[PDB]
Amino acid sequence: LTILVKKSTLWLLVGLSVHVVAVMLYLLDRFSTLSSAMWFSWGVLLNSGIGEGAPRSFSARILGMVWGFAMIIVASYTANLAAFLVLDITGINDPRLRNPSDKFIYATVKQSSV
Amino acid sequence: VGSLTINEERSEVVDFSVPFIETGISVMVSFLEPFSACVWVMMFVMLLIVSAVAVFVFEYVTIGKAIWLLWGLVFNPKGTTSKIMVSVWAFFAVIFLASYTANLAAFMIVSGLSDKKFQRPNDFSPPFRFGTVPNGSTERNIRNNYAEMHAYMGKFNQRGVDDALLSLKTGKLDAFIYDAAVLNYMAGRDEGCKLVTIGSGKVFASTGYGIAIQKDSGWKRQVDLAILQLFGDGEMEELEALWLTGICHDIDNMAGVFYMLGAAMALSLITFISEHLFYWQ
Amino acid sequence: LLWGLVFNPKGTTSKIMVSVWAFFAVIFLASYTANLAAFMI
Amino acid sequence: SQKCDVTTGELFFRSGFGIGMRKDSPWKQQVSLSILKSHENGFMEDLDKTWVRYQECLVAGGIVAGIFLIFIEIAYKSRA
Amino acid sequence: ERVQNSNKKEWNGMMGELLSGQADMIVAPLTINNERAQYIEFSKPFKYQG
C-alpha cells in the first residue's frame, strides 16, 4: 500500500559615498576634472583600475587602497547569493494523516478490499 | 481522577497518594572578523616580505607604485623575475580569495521577561494586556504571591481557553497566564507555528498531575504500586506516543563596516592635516 | 574589449556602456557560479 | 556544562528525586507543605539561580628558486 | 540484590541501612521504585529529570 500524490537602499548610500569622497578629496587636493573625479571613483568602485592615471597625491592612492570596499561588497553579495539562492509526507507518520484535516483530501475506490 | 495541580491547600482538603505528572505555570505570548585578521597578519607579513624582495631585485613610480600594485594583486614592468613574483603571488591572491569565499559560504550555513516586563509595575512600551481564567490555581497563586501582577492581569478576563487563543492569535492580547503543560500539549496541537512561549524547558512552578482520594480510608496502596509500575513499564511513554504528537517540533554588519569607514576617514583627515602642516618644517 | 569585459577610450558614454555591461558580466558570472554550486550538490 | 568534554539524546525515561525515611513519620505532611512552600516562595528558584547559574559549557621554495633565477638571468644577460 | 543464600533479596548501602533502621533520614538522588516504596515512608519528590 502506497500513496499517490500530485507532482536598493545600499546603492544610493554608496553613491553618496562616491560623490562625497570625490568632492572632498579633490577639494583637499586643490586647496593644498571633478567630473573625472566622479568617473574615476565610480570606475574603481566597479572593480576596475580605471583609465591610466593614479592621483599624484599619494593620500588619494591610499584612500583608493582602503576603498577594498569594492571587494567587501563583492563578498557581501556572494554571501547573499549563498543565502538567498540554492541554500534551501509519508503516510506511516503523523503530520497531516494521523490527525488529519479537510484541507488534505482522502479517497479510496469504493467496493474494494482496502 | 481529573489531573489537578497540587498546591498546599488541595493537600489540606483531600488525600494525595499518586506519583504525579510534573508541570508548572507559564504565560502564553506570541562575524566575518575572526576570519580576516588571522589571514591578514600573515598577509601583511608577506606584503612586507615581497615589497622588500621586489625592491632588492631591482637594485639597478618606485616607492608608492610598488605597494599599490601589491594591493592591486588582489584587486584585479621590465623585470621578468618581478613578473614571476606577480604571477606567483597573484596565484596566492586567487587561492586566498577562493578560500575566503568558501569560508563566508561556510558561515552562510526572553526567559527573564517575568520581572522586567510583567512584574515591573505600570510600564512597558505597549500598555499591559494580560490574560486570566476566573478559576483555577494559577489565578490564586499569582493572587497570593504577585498581587500587583494579579491586579494588572485581572483587568482583562477571558471566558475560557479558546477566547484567549483567538485573542493572542489575532494579537489583540499580549499575555495569557496558564498551566504550562496544557500549553505544551498545545505545542503538539497548533500547526501555524505561532505557537508557544520561551521553550527553554523552565516552567515557573513545579507541581504535578494526579488523583485525589479520601483521607484516612482503607485505601488504594496497590493502585499506587501499579501506577508506579506502569510508569516503570514506559506506559506513560506509550500514552504520549498516542496523544502527545506534534507539528512544529541585515543592518548591523553594514553599519559596522560604515563605522570603520568613518574611523579610517578621520584617520585620513588628521593625516592630511599633518601633511598640510609639514611644509611648515 | 567586449570579451575582456567578462575577462577581468575617450568616449565617456562608451565607458558608461563598459561599466553597465561589466556589471552585467559580474552578475552573470555570480549567477553561473551559483548555478554550478547548485550542480555541486 | 562545567567540564567541557556532551550529552546526547532526549530524556529516555522520566525520573524524579525522592527522599528516604522510616515508616510512621507523620510530620511528612508539613514536610511536603514546606516543599510546596519552597516551590511557592521561590526558594527552589533561589537554589536554581545559585547552582544552575554555574553552567559554563611554497614561499621559501619560490624564494630560493628566485635566488637561483636572478643569477641565471645575470649569466644570460652578461653573455647576451 | 538476591542473596545467594536461601531465598533472600536484600537491599544494600543506604537502603540496606534504612531497612535495618540505621537511618532516620536518607537524603540522596532517589528514583524511588516499587521495591523501595513498598518498604518505606517518604515525602513527595520535588525535582523531575530524565
# chains A, B, ... in the order shown; residues from 1 in each chain; ligands from 1

$ interface_residues --of "chain C" --to "chain B" --cutoff "12 Å" --atoms "only C-alpha atoms" --output "MDAnalysis selection string"
chainID C and resid 7:8 33:34 37

$ interface_residues --of "chain A" --to "chain C" --cutoff "8 Å" --atoms "only C-alpha atoms" --output "JSON, numbers by chain"
{"A": [43, 46, 78, 81, 82, 85, 86]}

$ write_last_selection --atoms "C-alpha atoms" --output "mmCIF file, in the first residue's frame"
data_model
loop_
_atom_site.group_PDB
_atom_site.id
_atom_site.type_symbol
_atom_site.label_atom_id
_atom_site.label_comp_id
_atom_site.auth_asym_id
_atom_site.auth_seq_id
_atom_site.Cartn_x
_atom_site.Cartn_y
_atom_site.Cartn_z
ATOM 1 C CA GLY A 43 35.200 53.101 -12.020
ATOM 2 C CA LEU A 46 33.314 48.925 -10.110
ATOM 3 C CA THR A 78 28.291 36.498 -2.869
ATOM 4 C CA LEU A 81 23.721 34.545 -3.278
ATOM 5 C CA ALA A 82 24.895 31.859 -0.869
ATOM 6 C CA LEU A 85 19.686 31.258 -3.538
ATOM 7 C CA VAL A 86 20.168 27.460 -3.542
#

$ interface_residues --of "chain D" --to "chain E" --cutoff "9 Å" --atoms "only C-alpha atoms" --output "ChimeraX atom specification"
/D:10-25,28-29,31-32,35-36,39

$ write_last_selection --atoms "N, CA, C and O atoms" --output "short mmCIF file (atom, residue, chain, number, x, y, z; two decimals), in the first residue's frame"
data_model
loop_
_atom_site.label_atom_id
_atom_site.label_comp_id
_atom_site.auth_asym_id
_atom_site.auth_seq_id
_atom_site.Cartn_x
_atom_site.Cartn_y
_atom_site.Cartn_z
N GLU D 10 17.44 12.59 24.09
CA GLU D 10 16.46 13.24 24.95
C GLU D 10 16.36 12.49 26.28
O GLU D 10 17.20 11.66 26.62
N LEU D 11 15.33 12.80 27.05
CA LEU D 11 15.12 12.19 28.35
C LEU D 11 14.46 10.84 28.15
O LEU D 11 13.24 10.76 27.97
N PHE D 12 15.27 9.78 28.17
CA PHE D 12 14.82 8.46 27.75
C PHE D 12 13.87 7.82 28.74
O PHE D 12 13.13 6.91 28.37
N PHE D 13 13.88 8.28 29.99
CA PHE D 13 12.92 7.80 30.97
C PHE D 13 12.67 8.92 31.97
O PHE D 13 13.63 9.44 32.55
N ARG D 14 11.41 9.25 32.19
CA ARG D 14 11.06 10.29 33.15
C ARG D 14 11.33 9.82 34.57
O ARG D 14 10.80 8.79 35.01
N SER D 15 12.14 10.58 35.28
CA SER D 15 12.59 10.22 36.62
C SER D 15 12.45 11.40 37.57
O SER D 15 12.45 12.56 37.16
N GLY D 16 12.33 11.08 38.85
CA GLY D 16 12.13 12.08 39.88
C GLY D 16 13.29 12.21 40.84
O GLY D 16 14.43 11.85 40.52
N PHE D 17 13.02 12.73 42.04
CA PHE D 17 14.08 13.00 43.00
C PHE D 17 13.48 12.85 44.40
O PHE D 17 12.99 13.83 44.96
N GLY D 18 13.58 11.64 44.96
CA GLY D 18 12.86 11.30 46.17
C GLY D 18 13.76 11.29 47.39
O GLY D 18 14.97 11.46 47.30
N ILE D 19 13.11 11.12 48.54
CA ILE D 19 13.77 11.08 49.84
C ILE D 19 13.50 9.70 50.44
O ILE D 19 12.61 8.98 49.98
N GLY D 20 14.28 9.31 51.42
CA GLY D 20 14.06 8.06 52.13
C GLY D 20 14.03 8.28 53.62
O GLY D 20 14.83 9.04 54.17
N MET D 21 13.08 7.61 54.28
CA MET D 21 12.95 7.67 55.73
C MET D 21 12.19 6.43 56.20
O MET D 21 11.66 5.67 55.39
N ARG D 22 12.15 6.25 57.51
CA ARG D 22 11.43 5.13 58.11
C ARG D 22 9.92 5.36 58.04
O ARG D 22 9.44 6.46 57.78
N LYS D 23 9.17 4.29 58.28
CA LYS D 23 7.72 4.39 58.28
C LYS D 23 7.23 5.07 59.55
O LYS D 23 7.95 5.16 60.55
N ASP D 24 5.99 5.57 59.48
CA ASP D 24 5.31 6.31 60.54
C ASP D 24 6.11 7.55 60.95
O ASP D 24 6.57 7.69 62.09
N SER D 25 6.26 8.46 59.99
CA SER D 25 6.84 9.78 60.22
C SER D 25 5.76 10.78 59.86
O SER D 25 5.78 11.34 58.75
N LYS D 28 5.61 14.28 57.75
CA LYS D 28 5.88 14.37 56.32
C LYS D 28 4.81 15.17 55.59
O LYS D 28 5.05 15.66 54.48
N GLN D 29 3.63 15.33 56.20
CA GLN D 29 2.61 16.24 55.69
C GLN D 29 3.14 17.66 55.64
O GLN D 29 3.15 18.30 54.58
N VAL D 31 6.20 18.46 55.94
CA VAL D 31 7.40 18.42 55.11
C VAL D 31 7.04 18.67 53.65
O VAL D 31 7.67 19.50 52.98
N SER D 32 6.00 18.00 53.15
CA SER D 32 5.56 18.22 51.77
C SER D 32 4.95 19.60 51.61
O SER D 32 5.03 20.20 50.53
N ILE D 35 7.84 21.74 51.17
CA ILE D 35 8.30 21.51 49.80
C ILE D 35 7.52 22.40 48.84
O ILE D 35 8.09 23.12 48.01
N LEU D 36 6.19 22.40 48.98
CA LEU D 36 5.35 23.26 48.16
C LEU D 36 5.54 24.73 48.47
O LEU D 36 5.28 25.58 47.62
N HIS D 39 8.63 25.68 46.68
CA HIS D 39 8.11 25.83 45.33
C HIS D 39 7.24 27.06 45.17
O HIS D 39 7.06 27.53 44.04
#

$ select_by_dssp --residues "chain C" --states "helix (DSSP H, G or I)" --output "number ranges by chain"
C: 2-6, 12-40

$ write_last_selection --atoms "N, CA, C and O atoms" --output "short mmCIF file (atom, residue, chain, number, x, y, z; two decimals), in the first residue's frame"
data_model
loop_
_atom_site.label_atom_id
_atom_site.label_comp_id
_atom_site.auth_asym_id
_atom_site.auth_seq_id
_atom_site.Cartn_x
_atom_site.Cartn_y
_atom_site.Cartn_z
N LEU C 2 34.99 43.65 -25.54
CA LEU C 2 33.75 43.04 -25.07
C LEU C 2 34.00 41.67 -24.44
O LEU C 2 33.35 41.30 -23.46
N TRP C 3 34.92 40.90 -25.01
CA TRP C 3 35.26 39.63 -24.38
C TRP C 3 36.09 39.86 -23.11
O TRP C 3 36.00 39.07 -22.17
N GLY C 4 36.88 40.93 -23.08
CA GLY C 4 37.60 41.31 -21.87
C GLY C 4 36.74 41.95 -20.80
O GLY C 4 37.25 42.22 -19.71
N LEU C 5 35.49 42.27 -21.12
CA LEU C 5 34.54 42.70 -20.09
C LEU C 5 34.33 41.60 -19.06
O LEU C 5 34.41 41.84 -17.85
N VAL C 6 34.04 40.39 -19.52
CA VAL C 6 33.96 39.24 -18.62
C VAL C 6 35.35 38.88 -18.12
O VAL C 6 35.54 38.58 -16.93
N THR C 12 33.09 59.05 -23.13
CA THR C 12 32.61 58.86 -21.76
C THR C 12 31.37 57.99 -21.72
O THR C 12 31.22 57.16 -20.81
N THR C 13 30.48 58.13 -22.71
CA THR C 13 29.32 57.26 -22.81
C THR C 13 29.72 55.84 -23.16
O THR C 13 29.04 54.88 -22.76
N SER C 14 30.82 55.68 -23.90
CA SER C 14 31.36 54.35 -24.13
C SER C 14 31.83 53.71 -22.83
O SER C 14 31.57 52.53 -22.60
N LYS C 15 32.47 54.49 -21.95
CA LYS C 15 32.85 53.97 -20.65
C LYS C 15 31.64 53.72 -19.76
O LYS C 15 31.68 52.84 -18.90
N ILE C 16 30.55 54.47 -19.97
CA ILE C 16 29.29 54.19 -19.29
C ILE C 16 28.75 52.83 -19.72
O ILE C 16 28.31 52.02 -18.88
N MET C 17 28.81 52.55 -21.02
CA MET C 17 28.43 51.24 -21.54
C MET C 17 29.32 50.13 -20.98
O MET C 17 28.83 49.04 -20.65
N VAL C 18 30.62 50.41 -20.88
CA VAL C 18 31.58 49.48 -20.27
C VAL C 18 31.19 49.17 -18.83
O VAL C 18 31.17 48.00 -18.42
N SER C 19 30.84 50.20 -18.05
CA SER C 19 30.51 50.00 -16.65
C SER C 19 29.21 49.20 -16.48
O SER C 19 29.14 48.28 -15.66
N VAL C 20 28.20 49.53 -17.29
CA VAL C 20 26.90 48.86 -17.16
C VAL C 20 27.00 47.40 -17.60
O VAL C 20 26.53 46.49 -16.90
N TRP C 21 27.66 47.14 -18.72
CA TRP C 21 27.76 45.75 -19.15
C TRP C 21 28.85 44.99 -18.40
O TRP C 21 28.82 43.76 -18.40
N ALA C 22 29.74 45.67 -17.69
CA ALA C 22 30.63 44.97 -16.77
C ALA C 22 29.87 44.56 -15.51
O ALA C 22 30.14 43.49 -14.95
N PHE C 23 28.93 45.40 -15.07
CA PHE C 23 28.01 44.99 -14.01
C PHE C 23 27.17 43.79 -14.45
O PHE C 23 26.94 42.86 -13.67
N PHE C 24 26.72 43.81 -15.71
CA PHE C 24 26.03 42.66 -16.30
C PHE C 24 26.92 41.43 -16.30
O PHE C 24 26.48 40.32 -15.97
N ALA C 25 28.20 41.61 -16.65
CA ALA C 25 29.14 40.49 -16.71
C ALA C 25 29.37 39.88 -15.34
O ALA C 25 29.37 38.65 -15.20
N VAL C 26 29.54 40.71 -14.31
CA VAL C 26 29.85 40.16 -12.99
C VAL C 26 28.60 39.55 -12.35
O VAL C 26 28.70 38.56 -11.63
N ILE C 27 27.41 40.09 -12.66
CA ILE C 27 26.22 39.46 -12.10
C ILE C 27 25.92 38.15 -12.83
O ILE C 27 25.44 37.18 -12.21
N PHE C 28 26.29 38.04 -14.11
CA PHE C 28 26.09 36.78 -14.81
C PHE C 28 27.10 35.73 -14.36
O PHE C 28 26.76 34.55 -14.23
N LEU C 29 28.34 36.15 -14.08
CA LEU C 29 29.33 35.24 -13.52
C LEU C 29 28.95 34.77 -12.13
O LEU C 29 29.14 33.60 -11.78
N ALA C 30 28.37 35.67 -11.32
CA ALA C 30 27.93 35.30 -9.98
C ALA C 30 26.77 34.31 -10.03
O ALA C 30 26.75 33.32 -9.28
N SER C 31 25.80 34.54 -10.92
CA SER C 31 24.69 33.61 -11.06
C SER C 31 25.14 32.27 -11.63
O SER C 31 24.60 31.23 -11.25
N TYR C 32 26.15 32.26 -12.50
CA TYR C 32 26.63 30.98 -13.02
C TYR C 32 27.44 30.21 -11.98
O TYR C 32 27.41 28.98 -11.97
N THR C 33 28.17 30.92 -11.11
CA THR C 33 28.84 30.24 -10.01
C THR C 33 27.83 29.66 -9.03
O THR C 33 28.01 28.55 -8.52
N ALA C 34 26.73 30.38 -8.80
CA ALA C 34 25.63 29.82 -8.01
C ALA C 34 24.98 28.63 -8.70
O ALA C 34 24.57 27.68 -8.02
N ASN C 35 24.91 28.64 -10.03
CA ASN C 35 24.33 27.51 -10.77
C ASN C 35 25.21 26.27 -10.68
O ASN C 35 24.69 25.16 -10.50
N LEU C 36 26.52 26.43 -10.82
CA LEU C 36 27.39 25.26 -10.69
C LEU C 36 27.49 24.79 -9.24
O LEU C 36 27.71 23.60 -9.00
N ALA C 37 27.33 25.70 -8.28
CA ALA C 37 27.24 25.27 -6.88
C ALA C 37 25.94 24.52 -6.62
O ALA C 37 25.91 23.62 -5.78
N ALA C 38 24.86 24.90 -7.31
CA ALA C 38 23.64 24.11 -7.28
C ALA C 38 23.85 22.74 -7.91
O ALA C 38 23.30 21.74 -7.43
N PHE C 39 24.65 22.68 -8.97
CA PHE C 39 25.03 21.39 -9.54
C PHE C 39 25.98 20.63 -8.63
O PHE C 39 25.99 19.39 -8.63
N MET C 40 26.75 21.34 -7.80
CA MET C 40 27.70 20.70 -6.90
C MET C 40 27.03 19.92 -5.78
O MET C 40 27.69 19.10 -5.14
#

$ atom_distance --atom1 "atom CA of residue B:275" --atom2 "atom CA of residue B:41"
27.7 Å

$ interface_residues --of "chain D" --to "chain B" --cutoff "8 Å" --atoms "only C-alpha atoms" --output "PyMOL selection string"
chain D and resi 13+33+36-37+39-41+66+69-70

$ write_last_selection --atoms "N, CA and C atoms" --output "PDB file, in the first residue's frame"
ATOM      1  N   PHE D  13      13.879   8.282  29.989  1.00  0.00           N
ATOM      2  CA  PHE D  13      12.920   7.801  30.974  1.00  0.00           C
ATOM      3  C   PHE D  13      12.675   8.916  31.970  1.00  0.00           C
ATOM      4  N   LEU D  33       4.345  20.133  52.671  1.00  0.00           N
ATOM      5  CA  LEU D  33       3.850  21.504  52.629  1.00  0.00           C
ATOM      6  C   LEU D  33       4.994  22.500  52.515  1.00  0.00           C
ATOM      7  N   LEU D  36       6.191  22.402  48.983  1.00  0.00           N
ATOM      8  CA  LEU D  36       5.346  23.257  48.158  1.00  0.00           C
ATOM      9  C   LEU D  36       5.542  24.735  48.473  1.00  0.00           C
ATOM     10  N   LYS D  37       5.990  25.059  49.685  1.00  0.00           N
ATOM     11  CA  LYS D  37       6.258  26.451  50.026  1.00  0.00           C
ATOM     12  C   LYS D  37       7.555  26.939  49.405  1.00  0.00           C
ATOM     13  N   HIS D  39       8.632  25.684  46.681  1.00  0.00           N
ATOM     14  CA  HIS D  39       8.110  25.828  45.333  1.00  0.00           C
ATOM     15  C   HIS D  39       7.244  27.065  45.167  1.00  0.00           C
ATOM     16  N   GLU D  40       6.711  27.598  46.259  1.00  0.00           N
ATOM     17  CA  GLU D  40       5.790  28.720  46.234  1.00  0.00           C
ATOM     18  C   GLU D  40       6.513  30.039  46.461  1.00  0.00           C
ATOM     19  N   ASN D  41       7.404  30.081  47.445  1.00  0.00           N
ATOM     20  CA  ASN D  41       8.136  31.294  47.771  1.00  0.00           C
ATOM     21  C   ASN D  41       9.407  31.453  46.950  1.00  0.00           C
ATOM     22  N   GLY D  66      63.829  31.927  -6.890  1.00  0.00           N
ATOM     23  CA  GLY D  66      64.138  33.266  -7.356  1.00  0.00           C
ATOM     24  C   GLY D  66      65.600  33.623  -7.181  1.00  0.00           C
ATOM     25  N   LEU D  69      67.168  32.067 -10.033  1.00  0.00           N
ATOM     26  CA  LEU D  69      66.811  32.664 -11.316  1.00  0.00           C
ATOM     27  C   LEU D  69      67.448  34.030 -11.520  1.00  0.00           C
ATOM     28  N   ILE D  70      67.764  34.748 -10.438  1.00  0.00           N
ATOM     29  CA  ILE D  70      68.411  36.050 -10.593  1.00  0.00           C
ATOM     30  C   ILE D  70      69.830  35.876 -11.123  1.00  0.00           C
TER      31      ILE D  70
END

$ residues_around --residues "stretch 62-67 of chain A" --least-positions-apart "5" --cutoff "8 Å" --atoms "only C-alpha atoms" --output "PyMOL selection string"
(chain A and resi 44-45) or (chain B and resi 68+71+268)

$ residues_around --residues "residue B:190" --least-positions-apart "4" --cutoff "9 Å" --atoms "only C-alpha atoms" --output "JSON, numbers by chain"
{"B": [186, 194, 195, 246, 247, 248]}

$ decode --residues "stretch 23-39 of chain E" --atoms "N, CA and C atoms" --output "PDB file, in the first residue's frame"
ATOM      1  N   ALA E  23      19.085   4.441  59.883  1.00  0.00           N
ATOM      2  CA  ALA E  23      18.873   5.788  59.388  1.00  0.00           C
ATOM      3  C   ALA E  23      17.485   6.244  59.796  1.00  0.00           C
ATOM      4  N   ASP E  24      17.391   7.482  60.274  1.00  0.00           N
ATOM      5  CA  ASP E  24      16.084   8.119  60.357  1.00  0.00           C
ATOM      6  C   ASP E  24      15.746   8.797  59.039  1.00  0.00           C
ATOM      7  N   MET E  25      16.750   9.359  58.373  1.00  0.00           N
ATOM      8  CA  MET E  25      16.537  10.056  57.120  1.00  0.00           C
ATOM      9  C   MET E  25      17.619   9.670  56.124  1.00  0.00           C
ATOM     10  N   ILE E  26      17.188   9.414  54.897  1.00  0.00           N
ATOM     11  CA  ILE E  26      18.079   9.202  53.767  1.00  0.00           C
ATOM     12  C   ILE E  26      17.810  10.311  52.768  1.00  0.00           C
ATOM     13  N   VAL E  27      18.792  11.175  52.562  1.00  0.00           N
ATOM     14  CA  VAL E  27      18.724  12.183  51.515  1.00  0.00           C
ATOM     15  C   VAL E  27      19.732  11.798  50.437  1.00  0.00           C
ATOM     16  N   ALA E  28      19.231  11.642  49.217  1.00  0.00           N
ATOM     17  CA  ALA E  28      20.005  11.158  48.084  1.00  0.00           C
ATOM     18  C   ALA E  28      19.209  11.428  46.820  1.00  0.00           C
ATOM     19  N   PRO E  29      19.860  11.433  45.656  1.00  0.00           N
ATOM     20  CA  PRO E  29      19.094  11.378  44.406  1.00  0.00           C
ATOM     21  C   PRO E  29      18.427  10.026  44.246  1.00  0.00           C
ATOM     22  N   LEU E  30      17.115   9.988  44.460  1.00  0.00           N
ATOM     23  CA  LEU E  30      16.385   8.733  44.593  1.00  0.00           C
ATOM     24  C   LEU E  30      15.245   8.699  43.590  1.00  0.00           C
ATOM     25  N   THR E  31      15.400   7.880  42.559  1.00  0.00           N
ATOM     26  CA  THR E  31      14.282   7.477  41.716  1.00  0.00           C
ATOM     27  C   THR E  31      13.641   6.287  42.413  1.00  0.00           C
ATOM     28  N   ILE E  32      12.667   6.570  43.273  1.00  0.00           N
ATOM     29  CA  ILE E  32      12.080   5.557  44.141  1.00  0.00           C
ATOM     30  C   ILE E  32      11.244   4.598  43.308  1.00  0.00           C
ATOM     31  N   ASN E  33      11.629   3.330  43.314  1.00  0.00           N
ATOM     32  CA  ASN E  33      10.931   2.307  42.561  1.00  0.00           C
ATOM     33  C   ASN E  33       9.833   1.704  43.430  1.00  0.00           C
ATOM     34  N   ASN E  34       9.196   0.654  42.911  1.00  0.00           N
ATOM     35  CA  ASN E  34       8.163  -0.039  43.670  1.00  0.00           C
ATOM     36  C   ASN E  34       8.759  -0.777  44.856  1.00  0.00           C
ATOM     37  N   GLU E  35       9.954  -1.335  44.676  1.00  0.00           N
ATOM     38  CA  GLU E  35      10.570  -2.132  45.725  1.00  0.00           C
ATOM     39  C   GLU E  35      11.130  -1.250  46.828  1.00  0.00           C
ATOM     40  N   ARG E  36      11.503  -0.015  46.497  1.00  0.00           N
ATOM     41  CA  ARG E  36      11.839   0.957  47.529  1.00  0.00           C
ATOM     42  C   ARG E  36      10.590   1.389  48.283  1.00  0.00           C
ATOM     43  N   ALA E  37       9.535   1.735  47.542  1.00  0.00           N
ATOM     44  CA  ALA E  37       8.346   2.333  48.133  1.00  0.00           C
ATOM     45  C   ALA E  37       7.512   1.339  48.927  1.00  0.00           C
ATOM     46  N   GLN E  38       7.609   0.044  48.621  1.00  0.00           N
ATOM     47  CA  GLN E  38       6.808  -0.945  49.329  1.00  0.00           C
ATOM     48  C   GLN E  38       7.295  -1.202  50.747  1.00  0.00           C
ATOM     49  N   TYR E  39       8.473  -0.702  51.113  1.00  0.00           N
ATOM     50  CA  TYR E  39       9.019  -0.906  52.445  1.00  0.00           C
ATOM     51  C   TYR E  39       9.060   0.353  53.290  1.00  0.00           C
TER      52      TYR E  39
END
